[PDB]
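A short worksheet on the structure shown next.
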Amino acid sequence: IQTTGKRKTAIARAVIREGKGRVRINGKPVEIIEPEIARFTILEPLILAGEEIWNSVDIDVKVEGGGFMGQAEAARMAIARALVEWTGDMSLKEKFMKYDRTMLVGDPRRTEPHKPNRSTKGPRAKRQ
Amino acid sequence: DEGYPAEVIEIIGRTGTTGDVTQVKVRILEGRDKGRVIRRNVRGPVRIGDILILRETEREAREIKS
Amino acid sequence: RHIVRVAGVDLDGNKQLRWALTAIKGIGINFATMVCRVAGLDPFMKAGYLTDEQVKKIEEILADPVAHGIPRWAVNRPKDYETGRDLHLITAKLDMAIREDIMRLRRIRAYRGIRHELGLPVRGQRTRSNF
Amino acid sequence: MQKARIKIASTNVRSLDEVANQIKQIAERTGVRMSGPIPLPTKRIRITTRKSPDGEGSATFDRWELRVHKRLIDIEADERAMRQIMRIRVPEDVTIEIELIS
Amino acid sequence: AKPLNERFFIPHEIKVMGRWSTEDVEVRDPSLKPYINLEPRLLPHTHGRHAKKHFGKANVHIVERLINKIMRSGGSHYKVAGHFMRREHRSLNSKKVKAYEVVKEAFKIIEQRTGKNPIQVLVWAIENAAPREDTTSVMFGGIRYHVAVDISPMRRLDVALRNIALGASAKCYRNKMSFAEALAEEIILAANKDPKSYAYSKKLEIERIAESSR
Amino acid sequence: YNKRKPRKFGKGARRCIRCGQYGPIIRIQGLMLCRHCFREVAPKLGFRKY
Amino acid sequence: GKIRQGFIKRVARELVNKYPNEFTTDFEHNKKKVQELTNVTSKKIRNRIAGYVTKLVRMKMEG
Amino acid sequence: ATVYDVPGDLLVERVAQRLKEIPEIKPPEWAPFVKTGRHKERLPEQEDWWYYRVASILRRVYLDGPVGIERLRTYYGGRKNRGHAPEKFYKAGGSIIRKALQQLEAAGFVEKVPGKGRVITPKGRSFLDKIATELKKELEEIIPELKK
RNA sequence: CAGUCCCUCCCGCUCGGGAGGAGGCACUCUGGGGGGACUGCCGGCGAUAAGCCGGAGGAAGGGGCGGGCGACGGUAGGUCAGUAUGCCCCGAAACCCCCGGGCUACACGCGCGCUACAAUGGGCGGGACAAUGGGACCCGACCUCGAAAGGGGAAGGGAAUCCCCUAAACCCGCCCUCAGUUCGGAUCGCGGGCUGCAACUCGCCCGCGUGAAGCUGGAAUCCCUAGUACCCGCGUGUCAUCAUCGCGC
């Protein structure tokens, strides 16, 4: 199964199949990614899914764009969607919603343009 | 800490010299005047059912003069 | 040795040797590092163990840095005015060199000469509100 | 096998779609395999300028944008098909570049 | 990286940050119960639009809110004892990863110094550092006068967490000592109602003055 | 002697083709126009406000 | 800034007066009927007319 | 197993300690006196920093295939403070990486495609993936989940 | 290595790991259209109206988000030192051309941006990373030499084809140990690099001894309110260089 994930600019493309449990981020293992907090975020949906499905399927996800936090959140979205589509289970979806409302929805937030009068520090920045 | 908790049961309306204070009707739940309903002033956003904590049961607020 | 004298100035042993030579007016951070590496000794060791043979090694690297493997661009005044040979000036040597340059600039009546005479900036800095 | 790569570019979207439809109808009426019109990244030329004509006044600026759009048509080689792209009625603003690729 | 991977795998059984699940932790005063979010979540970070929600901030986890206070505390109109507090050098502003790591060390320190669940001690500090009455100005016939006024619970949380963060800045600034150790001291001193803590002392100041302005 | 010297660089080399001032000449893909003159020809160039 | 504009309040009354039976309480249905009956090109005003006629049809049977 | 299955830090450390033995790779006589980058403020601290550079640069040739000098300079560049003016991003030195690439090219680990870059020879790939699978064995023992 | 027979490379525990070609069009993507989303409904409020509040459902909801679009007059505001131009004035000048300087000059007052006022820390090494746009005497990849700014050669590129290309923020393996100093570089002099007829008035950078003030600043004080404040950087306009600026990402 192919699944999509969008957060700000980062884009996560995930492919889930049967396998030993080999989950790879851009081809790298999830356990070695140096940011520990990003590791937490990536591992949350498969933490909450269960060891059984963790070991039953193999998911390969490629993330591109944004920052590492955006990549990790998009990856989290991708694992969540891939797991729910592969299982097709309502109870997992409802637990995911209870944990947070974005696991199947996402964040529709995007950056605002930088308006004039000292646009450098942000959109709503003006002179003194 | 000889403080008396109580429950916000009605809000009369926003008050105070800047609209920040809210005049709330609060019912005492624990203390000497158990169950007394008093109009009390609250700083910080308030709702119905909030556990206020009070230092003095004697204190009341003047009727708002609109 | 808490107090160590090298090249006519005093240094403390607590700080590491590269940091210890930094108290020499005429040695910096990079300069101390590269001379102590020319010496073959880590500049990181504390300056309380500075033995005399290593002290005179550092001294004779100050005397003639170019012959010790140091390239010619790491000295303060390469291609010295009155010789044409790159050298590293130490203490009163720097002070006299800058004094000579000040008097020389005043003599030729260069713009920099008058700026130095008035205690004025040289490199085009604007005096309307700063300073 | 040989293909002709036809790059069409214009400012008004309607003219570009008109020429694309004419090329598609010609290719299908001539019975030639044609790769459909691929809409390439529109180039966005953005220019900012201060609206104050003088040094007096609050600093107000205006941004104007050209959206110049482009499409790619990869068709197979056919002389009878290539004879009917020089006769097409092209609107002035539409620019067409027809190259050949092995 | 083995400590990193150990803290990566331990919360596999849904544990806040790394360890110290939220089940053993309770709430003492009855007012903070519907406003502290103690729900079990791996990371205290939602990126949520709770500001847009007039009261949706109650759903954010307590440690997340504490970091939300900690990361915006530098450079302001307050000069406590004539000092200017500001993060000149790698400000925590926008660096919530730095705040994450620092308060991570803070949890570790409270573990190794008290040996209990850190969330329980945080509950203790917030419960004991909340002022309960303040002063308000009311004018009638032009006659400004001061009045004692009760505080809402949610503002009590806001002010308590702000005292925690402002204390962390206060001690960590201009000292060889480092931010985490300071945050640990402010929390532990408030949790035992130590008046030396700025949080409890200023809770006392706000409760007083209002005590006398009746 | 009445000739102006040949300059490829600097403001004195660049002049607006419409007004003739020596100041603000935007050269985005070769326009050669002053910045304010640019407004009096904005809608003839195809440009549109957004 | 909810308020339905005046010319919408004007259009809807005629629309439901001519074809009352055509419209029901369903928003998508009345929206498609507004689309086919009127010449609005702005999707937003089409859907606003749809919403107002939805509410209007709802009040038709309440009294 | 490959470099892609193992952390970068540990793998570069392993390649550095392993390549420290080889005689063809050596810091030049001007290496201990010239800092690794223009943007750098002080001199390097450890004396192994040369081999690390090699241990990293070959890894780069393992990933990007053809590599040249300028792109390496941009990657190794960093942020330097400009006093009263703000911090700015600058490129690193070129001669150090050029010498490292030449030493590796004489080492047979990397080769030159003129007009496209420096690519990695099959022998270099074998050595790198051998270290990587060594580390993957070790971390599989440390972390059983890497078996997956 | 979306699945990937066939071919190529390397490794392994022989499970498989990773990479390319073969060939495919799979997700985002680029863009020709349409839908969805609309006080749509529940309840209350409100005259039952308008419209409001709370609720659920929905990716998104009661001016969806930011703007373009600011009428009638007033301020006798600024702009004839740009364009059209009332009026007056000079006409070898109140014309034109060439060059040295000035427009950068300081006991100083004021405004605005940039940075320095460390242990969050400075230094070595690894790694998760974009994006607005631009490029022809240009982007310039890339081979090679020189620390280096750069020189010789050099592929590709007039725009999803090549280059600018790296983002930056961050964390860690390690070092330093609360100091006007290992902060911070102004300030000098030296020697090299780019540009241009040439930069001392009048460019910056590269490295060297050198290290200012500044170690948290009174009355008073301006502005933002959710992808927003805070904070952090990239790029580009104008442009050889000059902006710590404006722009916009």
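All of E:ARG90, E:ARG72, E:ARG49 fail the test of being charged (D, E, K, R), within 12 Å of RNA strand I (Cβ to nearest atom), more than 14 Å from chain B (Cβ to nearest Cβ) and on the phi > 0 side of the Ramachandran plot, apart from E:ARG90. The listed residues are H:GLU111, H:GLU87, H:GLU138, and the only one of them that is without any contact (Cβ under 8 Å) to a residue 12 or more places away in the chain and within 14 Å of chain A (Cβ to nearest Cβ) turns out to be H:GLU138.
Taking into account only those residues within the range C:54-77 that are within 14 Å of another protein chain (Cβ to nearest Cβ) and among the aliphatic types (A, V, I, L, M), which is nearest to C:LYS25 (Cα to Cα)?
Residues of the range C:54-77 that are within 14 Å of another protein chain (Cβ to nearest Cβ), as a first pass: C:61, C:65-66, C:68-75.
Now restrict to residues that are among the aliphatic types (A, V, I, L, M): C:61, C:66, C:70, C:74-75.
Values: C:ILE61: 15, C:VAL66: 19, C:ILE70: 19, C:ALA74: 16, C:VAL75: 13 Å.
Filtering first and then ranking leaves C:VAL75.
Residues that are within 13 Å of RNA strand I (Cβ to nearest atom) and under 13 Å from A:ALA72 (Cα atoms) were ranked within the range A:41-59; the one that is farthest from the other protein chains (Cβ to nearest Cβ) is A:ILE42.
When residues in the range E:182-214 are screened for being buried (at least 17 other Cβ atoms within 10 Å of the Cβ), within 14 Å of chain B (Cβ to nearest Cβ), in a helix (DSSP H, G or I) and basic (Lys, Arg), 1 of them pass. When the range A:24-40 is examined, which residues are found to be within 7 Å of RNA strand I (Cβ to nearest atom) and assigned to a helix (DSSP H, G or I)? If the condition is that a residue be within 7 Å of RNA strand I (Cβ to nearest atom) and assigned to a helix (DSSP H, G or I), then A:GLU36 is the only one that fits. Of the numbered criteria (1) surrounded by 13 or more Cβ atoms within 10 Å (Cβ to Cβ); (2) within 7 Å of RNA strand I (Cβ to nearest atom); (3) farther than 27 Å from H:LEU128 by Cα, the one H:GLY77 fails is (3). Applying the criterion of at least 1 residues that are hydroxyl-bearing (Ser, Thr, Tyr) to the strands (runs of 3 or more DSSP E) found wholly in the range B:10-66 leaves B:22-28.
Filtering the range H:5-57 down to residues that are of a type in the set (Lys, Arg) and in contact (Cβ under 8 Å) with a residue 24 or more places away in the chain, which residue is farthest from the other protein chains (Cβ to nearest Cβ)? Top of the filtered list is H:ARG18.
For the range E:167-212, how many residues are within 12 Å of RNA strand I (Cβ to nearest atom) and either touching a strand residue (DSSP E or B) at 6+ places or on another chain (Cβ under 7 Å) or touching a residue at least 12 places away in the same chain (Cβ under 8 Å) (or both)? Please lay out each step first, then the result.
Filtering the range E:167-212 for residues within 12 Å of RNA strand I (Cβ to nearest atom) gives E:168-183.
Okay, now just the ones that are also either touching a strand residue (DSSP E or B) at 6+ places or on another chain (Cβ under 7 Å) or touching a residue at least 12 places away in the same chain (Cβ under 8 Å) (or both), so E:168-171, E:173-174, E:179-183.
Looking only at that region, the number is 11.
Against the conditions (1) surrounded by 15 or more Cβ atoms within 10 Å (Cβ to Cβ); (2) more than 9 Å from chain E (Cβ to nearest Cβ), B:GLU60 satisfies every one except (1).
Within the range A:41-59, the set of residues being touching an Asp or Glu at 6+ places or on another chain (Cβ under 8 Å) and not in a helix (DSSP H, G or I) comprises A:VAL57, A:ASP58. Answer yes or no as to whether G:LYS44 is surrounded by 10 or more Cβ atoms within 10 Å (Cβ to Cβ) and among the charged types (D, E, K, R). Considered against the rule, which asks whether it is surrounded by 10 or more Cβ atoms within 10 Å (Cβ to Cβ) and among the charged types (D, E, K, R), G:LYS44 comes out as no. Among the residues making up the range D:90-102, those that are in contact (Cβ under 8 Å) with a residue 12 or more places away in the chain and farther than 17 Å from D:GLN2 by Cα are D:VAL90, D:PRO91, D:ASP93, D:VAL94, D:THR95, D:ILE96.
Looking for something more than 6 Å from RNA strand I (Cβ to nearest atom), touching a strand residue (DSSP E or B) at 6+ places or on another chain (Cβ under 7 Å) and not hydroxyl-bearing (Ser, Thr, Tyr) - is there at least one such residue anywhere in the range A:110-120? There is no residue in the range A:110-120 that is more than 6 Å from RNA strand I (Cβ to nearest atom), touching a strand residue (DSSP E or B) at 6+ places or on another chain (Cβ under 7 Å) and not hydroxyl-bearing (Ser, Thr, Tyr).
No other residue among E:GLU105, E:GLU111, E:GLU133, E:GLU127 is within 14 Å of chain B (Cβ to nearest Cβ), in contact with a helix residue (DSSP H, G or I) (Cβ under 8 Å, 6 or more places away or on another chain) and on the phi < 0 side of the Ramachandran plot apart from E:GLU133. Among the residues of the range C:46-63, none qualifies, meaning not one is without any contact (Cβ under 8 Å) to a residue 12 or more places away in the chain, in a loop (DSSP other than H, G, I, E, B) and small (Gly, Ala, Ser). Within the range C:85-99, not a single residue is more than 14 Å from chain H (Cβ to nearest Cβ), in contact with a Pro (Cβ under 8 Å, 6 or more places away or on another chain), surrounded by 14 or more Cβ atoms within 10 Å (Cβ to Cβ) and in a helix (DSSP H, G or I). When only residues in the range F:24-50 that are away from every other protein chain (no Cβ under 12 Å) and assigned to a loop (DSSP other than H, G, I, E, B) count, which is surrounded by the fewest Cβ atoms within 10 Å (Cβ to Cβ)? Selected residue: F:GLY30.
Give me the helices (runs of 4 or more DSSP H) completely within the range E:64-181, filtered to those with at least 3 residues that are in contact with a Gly (Cβ under 7 Å, 6 or more places away or on another chain), ordered by residue number.
Working: elements: E:96-114, E:118-128, E:153-172.
So the answer is E:153-172.
When we screen F:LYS11, F:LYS3, F:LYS44 for residues that are more than 14 Å from D:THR48 (Cα to Cα) and more than 8 Å from RNA strand I (Cβ to nearest atom), the only hit is F:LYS44.
Scan the range A:78-128 for residues that are in contact with a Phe, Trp or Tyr (Cβ under 8 Å, 6 or more places away or on another chain) and within 14 Å of chain D (Cβ to nearest Cβ) and jot them down. Before the answer, list the steps.
Residues of the range A:78-128 that are in contact with a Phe, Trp or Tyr (Cβ under 8 Å, 6 or more places away or on another chain), as a first pass: A:80, A:84, A:103-104, A:116.
Listed by number, the list holds a single entry, A:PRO116.
In this analysis, Cβ positions are derived from the backbone assuming ideal geometry, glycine residues included, and neighbour counts consider all displayed protein chains. We did not get these values from a lab; they are worked out from the coordinates using the rules stated.
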